[PDB]
Each structure stands twice: as structure tokens, then as C-alpha cells.
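J.: Show me the folded form of this:
(2 chains, ligands or ions: 2)
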Amino acid sequence: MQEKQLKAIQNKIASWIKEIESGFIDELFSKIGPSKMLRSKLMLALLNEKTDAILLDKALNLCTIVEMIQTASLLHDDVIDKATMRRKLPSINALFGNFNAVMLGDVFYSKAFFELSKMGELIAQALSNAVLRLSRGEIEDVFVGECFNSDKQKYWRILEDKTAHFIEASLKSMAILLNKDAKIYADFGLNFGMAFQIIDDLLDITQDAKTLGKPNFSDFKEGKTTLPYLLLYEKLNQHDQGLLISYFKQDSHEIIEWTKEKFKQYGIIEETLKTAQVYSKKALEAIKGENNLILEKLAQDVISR
Amino acid sequence: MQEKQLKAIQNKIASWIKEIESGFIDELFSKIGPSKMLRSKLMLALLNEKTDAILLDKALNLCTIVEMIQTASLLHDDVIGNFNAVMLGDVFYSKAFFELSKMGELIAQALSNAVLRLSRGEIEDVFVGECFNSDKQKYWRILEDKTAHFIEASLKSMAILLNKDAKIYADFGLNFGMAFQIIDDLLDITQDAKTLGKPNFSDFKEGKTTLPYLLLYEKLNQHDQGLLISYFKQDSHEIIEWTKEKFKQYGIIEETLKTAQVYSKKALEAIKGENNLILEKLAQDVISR
Ligand SMILES: [Mg+2]
Ligand SMILES: [Mg+2]
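T.: Numbering: from 1, shown residues only, chains lettered A, B, ... in the order given. Ligands and ions are numbered 1, 2, ... in the order given. Below is the structure:
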């Protein structure tokens, strides 16, 4: 979204890490790679042409807090998922051990909350509550992930806790800071977040025409029964249901090929996509009144891969 | 300490956990054992005889926040519990911070900075622990970040809440915290005063060159210094018994204790103006183990 502002947020994060004054932490931080900063792009979109410089800095600080929280959650998630990689490069836990990845995440969380306390109680509570739900969602995700899950309601709760509510809280917080209608943007954030994670789960099992890279097929192998698998399970005959369950947490090329044929057989890809489009439509609906081209741009683009 | 108050805090932690509304979390929480709640005792000691009910409740909420931060750090520290520990730790930290959100900027910043510092401390401990350490200043920096500063911030925070001299109590907490951790390191290699039950000897084995080891290293001859360094991060009875004999040979136990007494005295001296019987008792007891 706006390069110069994202660049300023990137630099604020670096400054905040240096403020911790620890050569060891500087070392750990140097191994974390760039971020798309999707959340900052969404939040920055609420800024006005005439936002005063003092308020703009506060807004950049808010975006910095949100990105650091996001980074902290990813650091802990990589530990819990025993991930050795994050975007083709070695994870922090792979390079410095689980303990360091965990502490580094705590450092990101605490430094972020420290700065957050200067935002006021309304914003501080919205974001700190979002971090509480992110942690509840993470626990829910691995407990539900212990065995094949066919209860779609548990899936929806996890998506909302681990992804949707945080984006909702981030947008609501920026609206509050900029004295905008917090309800409208919280609503846009929640639905955008739901669509975003559904498409993300979709991209794990189906090709992104735009890239030649093949889908990772990382989810089911890791115990996550995402929407595609839930919708497929509801259409499979008894025999195939047995097979799908037997493939839970298994890892092989043949299982991937079988799964792709089954999704095609029951039109799961389009069915999954349509579920996300409902949320995408709701997001656009929420900001119908406003005239935010950036948000409308992002809300439409998430649905097209 | 005040057992009725500690009980109320214990119950607040339980109700705060239930407010998260997660059966999975309730299950993980039921596995958490009791706590001595040393930090609540120090903080509760600042309350006046006739503190009003509204303020009292705020004070209890503050102790609850501090005890949950303490539990969260212990959980993450045990990762050095599977990933259940990392998860439950985040739950404790986040709930505590959410409630801290309602406490006013000064207290919110004091405690969040404390968590930042103790996390920095943990990291310093791991990195410094990659090889034998003879630099005592690195040890003190670690003790301050990982243990002393949080106790300092907890007392400072309660002082602010109760409108007392924050400076006096922060000073008490910092010094008490240094003594506390020194004694803790001593208890890892010496027998405790009335219990059966031998010392764990977990520190040096884990790569931590604690005060006893630093003071010993300073007295050993070249031959024994070489042995000690070679025993770094090793686990054997031979090493344990050799170390015990060396501590005795150079009066290290007593030298370590005197060091802790210095901070204990500085702590007492900070609240001398005060006449706080509970705090004085604690600073004293910390040293008698
Ligand atoms: Mg994914
Ligand atoms: Mg110890």
C-alpha cells in the first residue's frame, strides 16, 4: 500500500528493537525476514490526506504495535508447529532453538504492549483482548488438531480467534485513533479477516494461477482439517470418508493427488471460494458509505487468489 | 502472609481463567500447581490497616496481574509443558495484560517493561550460557533483568496505586530481588535449612555460571580452574562431589551468603523510614535459608 509509510513502520520496528539495547536480541532480530505487512496496509488506508503530523506518527506507532504482535504470534506458532521454515528461510527456532524463539516472541509482545499503553485504554483493551483470543485460538487449533475434525463450528471458532478478530481489532483501533466510526471498520475488518483465512486455507490445496509454484499442501498433513476438507467430508461416501480420515497427518504425493481428485469430484474448490466471497461482499458492504478505494481494492483482490 | 488476601488472589486467577471461556484452557490450568505468591506478599505488605473496599479490590487485581505474569514466565522458562507450556504461557500473559490495560499508564508501563526486561534476561542467560562465564558483571546484569527488576516493578506499581513513595519501595524491591536470586543460586548447590532433601545441582549443568561458581573460580588454582571449566554443562556425580569439596575448601558458601546479606541490608535500609514489619520480616527471612 503506501511504500513510504510501510518503510517508516519497518524502521520504527527496528528502532524499538534497538531500544531494548541487547546485542543478543539484535542478532535474533536480524534473522527475521520482511513482512507483507497486510495489517498495516489495511490500517493505513483509513488515513486522510490532511491527517496532522502528530496524529500520523501515532498511527504509524499503532501499525508498528500491530505488526510486532503479528510477528510475535508467528514466532510462537513456528515453535508449536515445529516449523523449520517460514517463507523459504530458516525459522527462528531452527536457528536459535525453541527457547529463544519463544522468548523473542515474548520480547515482541511486551515491547509492543509497553508502547500500546500510550494509545489509551480503548485501543489498549481492543488489541490486548485480540492477543488473548489469538492465544485461545492457537490452543484450540492444536487441541482440535489432535484428530480428524468434522465439526465445522470448531473450525469457524479457530479462524475467528486466530485470524479474523485480530484484523477486526486492528482496524477498529485505527478508526478509534483517527476518530472514525469504529463499528463500520471493525465490521469490515472481521469479514475481510474471515475471507482472508478461507482463501489462505484454499491456497494450501489449490493452484494460484499467478505463480508456477505448487500448493504447499501443509495443512491436513499437520492435522488441520480446513474448510476444503470439511466440505469434502460432508459429500464423501462412507468408503472415501474412511480413506480421508486415514490420511489425516500423513505425508505423501499419492495422498495429495487423491485429495485433489476428490475436491474436483465434488466441486469443493468453487464451494470454498463462494464461502469466502460471502465475507468479501459483507466487507465491501460495511464500507459502502465511505469511499475508500484502497480497502475496496484489497477486499476485492483477496478473493482473486 | 495475609492468607485471606492470598486466597482472594488465588480465586481471582481462577475466575480470570474461566473468563477466557475455553475448556481446553481450563484443562491445562488444572495442572498448574499452587504458588508461594512471594510477590503478592511483598505488595500486600504496603496496604494500610483501613484501606477502603474499592481500592482494596484494585490492589488485589494488581497482585493477580503480577502473579499471572510470574506464572507465564515460569511456563516459558520451562521450555528452556510441551508446547502446551508455550501456549498456556501466552494465555496468562495476554489475560494479565488485558486487565493491566485498565490500570493507568504508569503501572501498565512499569509491569510491561518488567516483562520486557525479564524476557531480555532469559535470552541473555541462554547466550551467556553457551560457554563458561567468569565475568561477574554479565551475571549481575542477568540477575537484575530476570529476577530483581520485576520485583522492583511490582512494589513500585503497588506504591503508585496506593499513593505511597514509589521510590522507597522500588529500591526495596530491587535490592530484595538481588538477595533473593543470590540465595536461590546458593540453594541449588547447598543444603537447605530444615529439610531433608539434597540440592538439585541443576545450574552449572545447564550452563549457568552462578555466583558460587564465579566466586569459586576466582579462588581455584590453575589446575582446578581447568577442571571446573571442563565440567561446564556436564552431568555426573563425580562433578557434583568434586564441586562440593571445592566450595568448602574455599569458604564459598559463606562468601556467597555475605554477598546476599549486603543487598538484604540495603533493602532494609530503604524502608527504615517506613516501619513496615512484614517487609522487614521478609527481607530478613530471605537471608535465613
Ligand atoms: Mg495457510
Ligand atoms: Mg535456581
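
J.: Please point out which parts of stretch A:38-48 sit buried.
T.: A:38, A:39, A:40, A:41, A:42, A:43, A:44, A:45, A:46, A:47 (16 or more other CB atoms under 10 Å in any protein chain shown). C-beta coordinates here come from the backbone N, C-alpha and C atoms, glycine included.

J.: cool, and stretch A:287-295?
T.: Quick answer for stretch A:287-295 (16+ other CB under 10 Å): A:287, A:295.

J.: mind listing the helices for the stretch 101-250 of chain A?
T.: Along the stretch 101-250 of chain A, counting by DSSP state H, counting those that start in this stretch, helices occupy A:121-144, A:152-159, A:165-177, A:182-205, A:227-233, A:238-246.

J.: Stretch A:157-170 and chain B, any residue contact?
T.: No - Stretch A:157-170 is not in contact with chain B by CB under 8 Å from any CB of the partner chain; minimum separation 9.3 Å.

J.: what about that stretch, start to end distance?
T.: With CA to CA, to the nearest Å as the measure, stretch A:157-170 spans 19 Å from end to end.

J.: That stretch vs ligand 1: in contact?
T.: No - contact of stretch A:157-170 with ligand 1 (CB under 5 Å from the ion) is absent, the minimum separation being 9.8 Å.

J.: which outside residues touch that stretch?
T.: A:39, A:42-43, A:66, A:69-70, A:126-127, A:129-131, A:133-134, A:136-138, A:140-141, A:144, A:186-187, A:189-190, A:192-194, A:196-198 (CB atoms under 8 Å, 6 or more residues apart in numbering or on different chains).

J.: so can I have a markdown table of the buried residues of stretch A:38-48 showing distance to ligand 1 and secondary structure?
T.: As requested, the buried residues of stretch A:38-48 are arranged in a markdown table below (distance: CB to the ion, whole Å; DSSP: H, G, I helix; E, B strand; the rest coil):
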| residue | distance to ligand 1 | secondary structure |
| --- | --- | --- |
| A:38 | 13 | helix |
| A:39 | 16 | helix |
| A:40 | 20 | helix |
| A:41 | 19 | helix |
| A:42 | 18 | helix |
| A:43 | 22 | helix |
| A:44 | 24 | helix |
| A:45 | 24 | coil |
| A:46 | 27 | coil |
| A:47 | 29 | coil |
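
J.: Looking at the residues you listed, which is nearest ligand 2?
T.: Using CB to the ion, residue A:39 is the member of the buried residues of stretch A:38-48 that lies nearest ligand 2, at 40.1 Å.

J.: check contacts around that closest one.
T.: Contact partners of residue A:39, counting by CB under 8 Å, 6+ apart, are A:63, A:66, A:67, A:70, A:166, A:167, A:170.

J.: redo that, cut-off 10 Å
T.: Contacts for residue A:39 (CB atoms under 10 Å, 6 or more residues apart in numbering or on different chains) come out as A:9, A:63, A:66-67, A:69-70, A:166-167, A:170-171, A:174, A:189, A:193.

J.: need the residues of the stretch 201-305 of chain A near ligand 1, please.
T.: residue A:204.

J.: Mind doing that once more with 6 Å?
T.: A:201, A:204 (CB under 6 Å from the ion).

J.: Show me the residue of the stretch 201-305 of chain A that gets nearest to ligand 1, please.
T.: For the stretch 201-305 of chain A, CB to the ion, closest residue to ligand 1: residue A:204, 4.8 Å.

J.: which residue sits closest to that residue in space, ignoring its chain neighbours?
T.: Once flanking residues are discounted, residue A:204 sits nearest to residue A:219: 4.8 Å by CB to CB, 6 or more residues apart in numbering or on different chains.

J.: What of residue A:112?
T.: residue A:68 (4.1 Å).

J.: Confirm that that neighbour sits in a strand.
T.: No - counting by DSSP: H, G, I helix; E, B strand; the rest coil, residue A:68 is not part of a strand but helix.

J.: how close does it sit to ligand 2?
T.: 31 Å (CB to the ion, to the nearest Å).

J.: OK, contacts around that residue?
T.: A:9, A:12-13, A:16-17, A:105, A:107-113, A:115-116.

J.: before we move on, what about residue A:189?
T.: Residue A:189 neighbours (CB under 10 Å, 6+ apart): A:39, A:42-43, A:164-175, A:196, A:283, A:286, A:295.
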